[PDB]
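Just one chain is shown here, as structure tokens, and it is the form deposited in one PDB entry.
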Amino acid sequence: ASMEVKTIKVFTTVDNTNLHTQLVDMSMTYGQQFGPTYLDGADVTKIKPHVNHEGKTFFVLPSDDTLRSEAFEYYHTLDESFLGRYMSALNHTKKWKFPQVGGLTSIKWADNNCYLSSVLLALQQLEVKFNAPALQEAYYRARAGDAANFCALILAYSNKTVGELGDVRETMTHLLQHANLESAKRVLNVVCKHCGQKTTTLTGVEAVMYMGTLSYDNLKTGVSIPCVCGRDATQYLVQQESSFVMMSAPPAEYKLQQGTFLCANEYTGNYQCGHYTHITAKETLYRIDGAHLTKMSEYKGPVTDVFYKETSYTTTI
């Protein structure tokens, strides 16, 4: 338009909470004035300002102490490439569909996001709290059906990109590290027939996840494990302090009886290239597969993860 000095008022941010007013020179690009810049996850580093941009909020990278501090307080990470991978992933997740299925927010399949849909579904049924404000907020919105952000954060925290199939268990591990499980505790009694006995105590994420069996009952009765030497020593739960536990194991035909578990995940296909679907229950058993739901009276299939509700448990040994 009118050839003259033109500068518009926009806002820059790293957490979308603290907004920094900026007067930009329309005669140059965002990159030249802010460095890598984003608008709704879309990279606009190489373009110049538009009047349509007045009053809009742009994401930039932590280029100064204030920004570094703000980004850290919000996301709780020091990974320099975090903000970038997040915007990059959000640029895609914002196009996904998040239908309500069985009363839970699910995700229409796209880009092998079935493992993310399983994670999201599981979370909504667990008493779990995040410490990173970034996740508290995005999670709150996902429960209402607007999970584009929450999905992008999960991808960024577990350092995966849109398109690649991930492992639910492993993804929960990365994710739960930013949850409040500071009071989660597990005490295991190990007994090697030969070399006596000891007691192992796990806390945080390690206190709620187990790999080997899908049965929480077995963990309580005893499960074998390779000893320093000799055979496989026995091990069993003595104390459990958490709002839930997750029992994992390689997919295998398993029967799931309603009332005996919280929710679970089945996986069909080959290692790293199969398909996940979520199993839960309300009035009956529900099989949630993205935007698909199937109600059944009984279930038996390839299960890898089973969640159980917990408060506090102690042995009768």
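Between two forms, the rigid core is defined as the largest C-alpha subset superposing within 1.5 Å. Numbers for residues come from their place in the sequence shown, where the first is 1.
Below: the form deposited in another entry, not depicted.
For the listed set 69, 52, 260, 63, the sole C-alpha moving 2 Å or more between the shown form and the other one on a rigid core superposition is that of 52. After superposition on the rigid core, displacement of the C-alpha of residue 226 between the shown form and the other one amounts to 2 Å or more.
Taking 2 Å as the criterion, residue 26 counts as shifted between the shown form and the other one: its C-alpha moves by at least this amount when the rigid core is aligned.
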